Structures are given as C-alpha cells and as structure tokens.
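Listed here are the chains, written in short residue letters.
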Amino acid sequence: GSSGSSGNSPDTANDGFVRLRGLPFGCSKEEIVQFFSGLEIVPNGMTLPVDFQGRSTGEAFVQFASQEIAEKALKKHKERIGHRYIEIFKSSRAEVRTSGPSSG
C-alpha cells in the first residue's frame, strides 16, 4: 500500500533512465530497441553489464529521450521477450555504474 510523491512539476529532472531485470540469453540492443517499439531512445544510451567471464547479468540500463518516454516504457514491466519476463524499474544515469564517482 501507500503511493505518492508530491512535488514533481512538469518537465524537470529525470533523463528517462530505466533498469531491466531478467533479460533473455544473448539479450542485446537489437532485441531491446525493438522491445520498446513506438518509444524513442537516444543513441548509445544503453548499458549491458556482464559477469567476471562476460556472461550477461540479466540486467541492463536504457536511456529514453525524456521522462515522458520513460513512463511509457515503465508500463512494459514484466514484459517477456521470447520466453523470459523482463522487470523494468525506473532508474537514473547516475546509478548506472561506469567506473568513477558517479554513484549514490
């Protein structure tokens, strides 16, 4: 229960980043870009980490042109791609690790 924020204002903050969980085997942009059909995403605005050997961690970070587009994608939660439900959770560029201060 409990749902609310209060204090959002139209157009402000939030670049439109999102976090995916439970990606299919060999999940890549080619599959993502399409998975978000109708939505507009920025070029090279996607991140797909891996394990110590390079095995996808079923996680990814996409950056939408703007929040307005991010929300539209949020509704696509639990959306499976081929045979693997995908969990989408609103995220931020700052979160997306990149070996540096960008954290917290």
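Cut-offs used in this document
Every chain here is numbered from 1 following its written sequence, a scheme that can differ from the numbering in the entry; residues without coordinates are not drawn. With hydrogens and water set aside, each side-chain value is computed from the structure's full complement of heavy atoms. Here is the rule: rings of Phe, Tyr and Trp (six-membered ring for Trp) pair when centre to centre is within 6.5 Å. Planes less than 30 degrees apart are stacked, more than 60 are edge-to-face, and the remainder are tilted. Burial classification: accessible surface area is computed with a 1.4 Å probe over protein chains only, and a residue below 20% of its type maximum counts as buried, one above 50% as exposed, and the rest as partly exposed. Ring-over charges, as used throughout, are those where CZ of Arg or NZ of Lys falls within 6 Å of the ring centre and within 35 degrees of the ring normal. The term salt bridge refers to a pairing of a side-chain nitrogen on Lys or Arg with a carboxyl oxygen on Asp or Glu at a separation within 4 Å.

Deposited coordinates in this entry are attributed by the record to solution NMR.

Enquirer: What is the right way to read the packing of aromatic side chains from this model?
Expert: Both the distance between ring centres and the angle between the ring planes are used here to describe each pair of aromatic rings. Scanning all chains against the criterion turns up two aromatic pairs. A centroid spacing of 4.5 Å and a plane angle of 65 degrees characterise the contact between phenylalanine 35 and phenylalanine 36, whose relative ring orientation is edge-to-face. For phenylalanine 35, a relative accessible area of 13% puts it in the buried group. Taking relative accessible area as the criterion, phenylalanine 36 reaches 0% and is therefore assigned buried. Three or more aromatic residues joined by ring pairs make a cluster, and in this case those are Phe35, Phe36 and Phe64. Just above the ring of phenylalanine 35 sits the side chain of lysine 76; from NZ or CZ to the centre is 5.4 Å.

Enquirer: Help me understand the pattern of salt bridges, please; the structure alone is not making it clear to me.
Expert: If the charged atoms of two oppositely charged side chains come close together, the side chains can form a pair. In total, this model carries two salt bridges according to the counting rule given. Among the salt bridges present, the one from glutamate 87 reaches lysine 78, with a minimum N-O distance of 3.1 Å. Given a relative accessible area of 22%, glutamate 87 falls into the partly exposed group. Since its relative accessible area comes to 40%, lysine 78 is described here as partly exposed.

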